[PDB]
Amino acid sequence: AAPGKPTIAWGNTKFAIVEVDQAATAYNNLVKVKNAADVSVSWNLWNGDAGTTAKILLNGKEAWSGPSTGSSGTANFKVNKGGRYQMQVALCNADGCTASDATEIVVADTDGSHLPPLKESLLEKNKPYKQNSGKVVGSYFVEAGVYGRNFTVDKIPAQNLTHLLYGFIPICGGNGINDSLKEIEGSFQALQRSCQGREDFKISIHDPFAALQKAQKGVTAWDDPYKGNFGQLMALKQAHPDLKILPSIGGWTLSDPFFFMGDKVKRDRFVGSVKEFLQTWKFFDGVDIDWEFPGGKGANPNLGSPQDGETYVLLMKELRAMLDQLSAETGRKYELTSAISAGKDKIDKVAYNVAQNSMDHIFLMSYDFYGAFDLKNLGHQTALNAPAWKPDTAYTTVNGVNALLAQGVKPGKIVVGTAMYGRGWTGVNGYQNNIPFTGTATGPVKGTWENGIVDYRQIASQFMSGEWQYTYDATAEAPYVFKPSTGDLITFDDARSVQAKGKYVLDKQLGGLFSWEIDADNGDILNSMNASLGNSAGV
Ligand SMILES: CC(=O)N[C@H]1[C@H](O[C@H]2[C@@H](O)[C@@H](NC(C)=O)[C@H](O[C@H]3[C@H](O)[C@H]4N=C(N(C)C)O[C@H]4[C@@H]3CO)O[C@@H]2CO)O[C@H](CO)[C@@H](O)[C@H]1O
């Protein structure tokens with residue numbers, strides 16, 4: 001007769017192909033990629049013959065076999081594919097096999113194959129849209145927003161996006177390489193911690209805790225391998241296979257390292273670390289480059305050279321070559337994008353008409369045209385067109401788009417930007433014809449998290465009543481609120497200005513729309529982005 005039925009012994013059932021040290025602070029100690037997970041299973045048999053051969057089955061498929069020499073036993077074997085498996089121990093002899101009841105074992109991999117879909121309900125004013133317009137609908141999620149801003153991956157209205165970019169992957173480097181970071185309390189030190197023992201110019205994760213260790217919805221178990229933002233993004237990909245999730249390298253405070261890449265040795269190292277990063281974190285679909293300005297004029301006043309333009313094009317070409325190489329190894333398709341200044345002065349420092357051949361999308365930062373960083377020359381921070389009181393306005397969305405088109409950039413590459421925040425001044429005075437923008441400010445308006453900047457959510461919630469004047473400039477296609485008594489002036493994007501941008505995109509056959517940091521929207525902005533571009537509603 002066949003062998004008795006074995007019982008699976010108590011023991012850990014959670015394994016990982018890519019192991020993460022939930023206690024590590026240094027990126028070099030944080031993750032280790034393996035070609036497969038080392039799984040172990042033990043069993044006992046109290047009634048019946050132990051058979052002559054023991055086998056481990058995963059979903060009915062043999063994954064191990066060996067001599068069944070005793071009433072109890074242990075099997076060690078490898079699993080090279082992530083997922084949740086129904087595991088069984090089978091004892092066999094001439095008369096047949098007898099399998100134990102199934103025990104679930106989890107083999108984690110960074111593509112999220114071991115995680116159930118993260119399909120959360122829409123929050124606040126967000127309404128469901130189908131991505132059927134064929135246009136890009138993107139937004140940026142910030143890594144550091146999970147603390148005080150309390151905005152986690154589960155709060156992202158993911159179904160309403162085609163592209164989701166991640167709030168800045170930094171580039172390792174200390175004094176003289178990331179000085180711009182020193183302006184943020186403890187930020188430079190945090191990077192040095194992440195980059196402990198890591199070569200300069202290789203990428204890393206600025207906050208390993210927030211990215212992989214902090215408990216979040218869906219990845220809360222004390223022993224889950226991947227938690228934090230990355231763990232949730234993996235589950236998000238399971239829920240939205242077609243959503244493009246891209247890591248964004250750079251930003252205003254992390255762009256300093258880019259100015260040294262004219263040196264191919266450093267550029268090669270950077271590119272090489274990006275490939276390794278992508279091989280390690282499978283849920284990402286490519287890479288976004290946010291070099292805050294080839295030519296300088298970014299956060300660091302001591303950086304910038306006429307050579308940056310060429311470096312940028314070379315970088316994009318090499319990243320593309322690296323990604324093609326990656327495609328040949330994994331068979332997957334990867335995207336290469338870049339967020340760029342919308343000012344003509346900076347746009348002409350780069351040959352985008354050339355770089356565009358290596359890129360999938362160009363995210364035009366058509367915002368920050370004006371702000372508290374300038375108290376004398378005020379204006380619409382993210383308008384589509386110039387205002388009536390100053391038709392010669394240089395910084396507008398249209399001028400940015402025209403500058404690129406003039407270089408020869410194909411329209412379908414250009415994704416227009418919308419702001420989910422407003423910039424503002426205080427003590428505005430000396431203006432004429434009741435146009436606050438004609439005067440000067442005495443300082444920045446009180447912000448939500450920093451001076452001169454307010455979340456759109458707060459604007460709609462607090463500055464749409466009381467003493468606040470509201471005006472929608474139909475010429476520039478830009479709204480603004482003004483509080484006469486204190487001289488508080490705020491320029492931002494609203495449902496209507498976003499609609500104008502969307503229509504503009506459709507008319508000029510541009511690529512789509514994207515917004516800066518999803519955490520600041522109450523839903524009005526993203527709803528309008530989708531609607532204006534023609535995406536259907538429904539559920
Ligand atoms: C990494 C870091 O230093 N974080 C800081 C944080 O700085 C932020 C804010 O100043 C962002 N501003 C707004 C209006 O949200 C700022 O955003 C920039 C961004 O860098 C540019 N790059 C893009 N892309 C499309 C990729 O868009 C723009 C936006 C709009 O100007 O980014 C910096 C970091 O570069 O500031 C907080 C305090 O507010 C600080 O705690 C820390 O988290």
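Numbering of residues begins at 1 and proceeds along the displayed sequence. Values below: every heavy atom of this structure, side chains too, minus hydrogens, waters and symmetry copies.
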Participant: Scan side-chain atoms only and decide if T426 and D488 contain a donor-acceptor pair under the 3.5 Å cut-off.
Facilitator: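 Side-chain D/A pair, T426 to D488: present.
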Participant: Checking side-chain polar atoms at under 3.5 Å, does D154 have a donor or acceptor matched by the opposite partner on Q232?
Facilitator: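 Judged by distance alone, the side chains do pair up.
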Participant: For the rings on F482 and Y431, is their centre-to-centre separation under 6.0 Å?
Facilitator: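 So the answer is yes for these two rings.
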Participant: In terms of side-chain heavy atoms, does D524 have a donor or acceptor partner in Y456 at a distance below 3.5 Å?
Facilitator: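 Result is yes, a qualifying pair exists.
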Participant: Does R269 form a salt bridge (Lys or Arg N to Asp or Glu O under 4.0 Å) with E199? I'd like the steps, not just the answer.
Facilitator: CA-CA 9 Å; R269 188 185 303 148; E199 300 191 303; 3.8 Å; yes
Participant: Tell me yes or no: between the side chains of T311 and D308, is some donor less than 3.5 Å from an acceptor?
Facilitator: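 Looking only at side-chain atoms, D308 and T311 do not form any donor-acceptor pair under 3.5 Å.
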Participant: Would you tell me whether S515 and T418 have side-chain atoms, one donor and one acceptor, within less than 3.5 Å of each other?
Facilitator: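 No, no side-chain donor-acceptor pair sits under 3.5 Å.
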Participant: Could you check whether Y334 and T330, counting side-chain N and O atoms only, form a donor-acceptor pair closer than 3.5 Å?
Facilitator: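 The answer is yes; a qualifying pair exists.
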Participant: Tell me if a side-chain donor or acceptor on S255 pairs with a main-chain N or O of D290 at a distance below 3.5 Å.
Facilitator: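 Judged by distance alone, yes, a pair lies under 3.5 Å.
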Participant: List for me each residue that meets salt bridge (charged side-chain N to carboxylate O under 4.0 Å, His left out) alongside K333, sequence neighbours excluded, and say none if there are none.
Facilitator: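 With neighbours one apart ignored, the set is empty.
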Participant: Tell me whether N530 contacts the main-chain N or O of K130 through its side chain, where contact means a donor paired with an acceptor under 3.5 Å.
Facilitator: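 Checked: no pair found.
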Participant: Do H163 and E335 have side-chain atoms, one donor and one acceptor, less than 3.5 Å apart?
Facilitator: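 Yes.
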Participant: Just verifying a value: how many Å separate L323 CG and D360 CG, rounded to the nearest 0.5 Å?
Facilitator: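 Going from the CG atom of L323 to the CG atom of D360 covers 9.0 Å.
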Participant: Side-chain donor-acceptor pair under 3.5 Å between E143 and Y166, yes or no?
Facilitator: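 A pair is found: one side chain offers a donor N or O, the other an acceptor, under 3.5 Å apart.
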Participant: Look at atom CD of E467 and say whether more than 12 heavy atoms of other residues, nucleotides or ligands are closer to it than 6.0 Å.
Facilitator: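 Buried by this count: over 12 neighbours within 6.0 Å.
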Participant: I'd like to know if the side chain of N357 pairs up with that of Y352 as donor and acceptor (distance under 3.5 Å, no hydrogens or angles considered).
Facilitator: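 No.
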Participant: Side chain to side chain donor-acceptor pair (under 3.5 Å) with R496: which residues, sequence neighbours excluded?
Facilitator: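 Scan of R496 (side chain to side chain donor-acceptor pair (under 3.5 Å), adjacent residues dropped) gives none.
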Participant: Does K275 NZ have over 12 foreign heavy atoms under 6.0 Å away?
Facilitator: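 Yes, enclosed.
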Participant: Hydrogens and angles aside, do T448 and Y421 bring a side-chain donor and acceptor to less than 3.5 Å of each other?
Facilitator: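 Looking only at side-chain atoms, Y421 and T448 do not form any donor-acceptor pair under 3.5 Å.
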Participant: Is it true that a side-chain atom of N178 and a backbone atom of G174 form a donor plus acceptor pair closer than 3.5 Å?
Facilitator: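 No, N178 side chain to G174 backbone: no donor-acceptor pair under 3.5 Å.
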Participant: Less than 3.5 Å apart, any donor N or O on the side chain of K501 or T382 sitting next to an acceptor on the other?
Facilitator: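 Distance-only check passes for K501 and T382.
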Participant: Would you say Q509 has more than 12 foreign heavy atoms packed within less than 6.0 Å of its CD?
Facilitator: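 Counting other residues, nucleotides and ligands, CD of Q509 stays at 12 neighbours or fewer.
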Participant: How many angstroms lie between atom CD1 of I171 and atom NZ of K202, to the nearest 0.5 angstrom?
Facilitator: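 Answer rounded to 0.5 Å: 13.5 Å.
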Participant: Describe, in one word, how the ring planes of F230 and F284 are oriented to each other, choosing from parallel (under 30°), tilted (30 to 60°) and perpendicular (over 60°).
Facilitator: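 Perpendicular, since the angle between the ring planes exceeds 60°.
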Participant: Under a 3.5 Å cutoff, is there a donor and acceptor pairing between the side chains of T396 and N399?
Facilitator: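 Looking only at side-chain atoms, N399 and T396 do form a donor-acceptor pair, the distance falling under 3.5 Å.
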Participant: Would you say the side chains of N175 and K182 form a donor-acceptor pair under 3.5 Å?
Facilitator: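 There is such a pair between these side chains.
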Participant: Under 3.5 Å, is there a donor on one side chain and an acceptor on the other for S194 and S204?
Facilitator: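 Yes - a donor-acceptor pair under 3.5 Å links their side chains.
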Participant: Is it the case that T337 and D288 place a side-chain donor and acceptor less than 3.5 Å from each other?
Facilitator: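 Judged by distance alone, the side chains do pair up.
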Participant: Between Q469 and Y480, do the side chains contain an N or O donor and an N or O acceptor separated by less than 3.5 Å?
Facilitator: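 The criterion, which ignores hydrogens and geometry beyond distance, is not satisfied for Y480 and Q469.
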Participant: Could you tell me if the ring centre of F437 sits under 6.0 Å from that of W389?
Facilitator: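 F437 vs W389: aromatic centres under 6.0 Å.
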Participant: Among residues at least two apart in sequence or on other chains, which ones pass side chain to side chain contact (heavy atoms under 4.5 Å, CB included) with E318?
Facilitator: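 Per chain and number, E318 pairs via side chain to side chain contact (heavy atoms under 4.5 Å, CB included) with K264, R267, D268, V271, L314.
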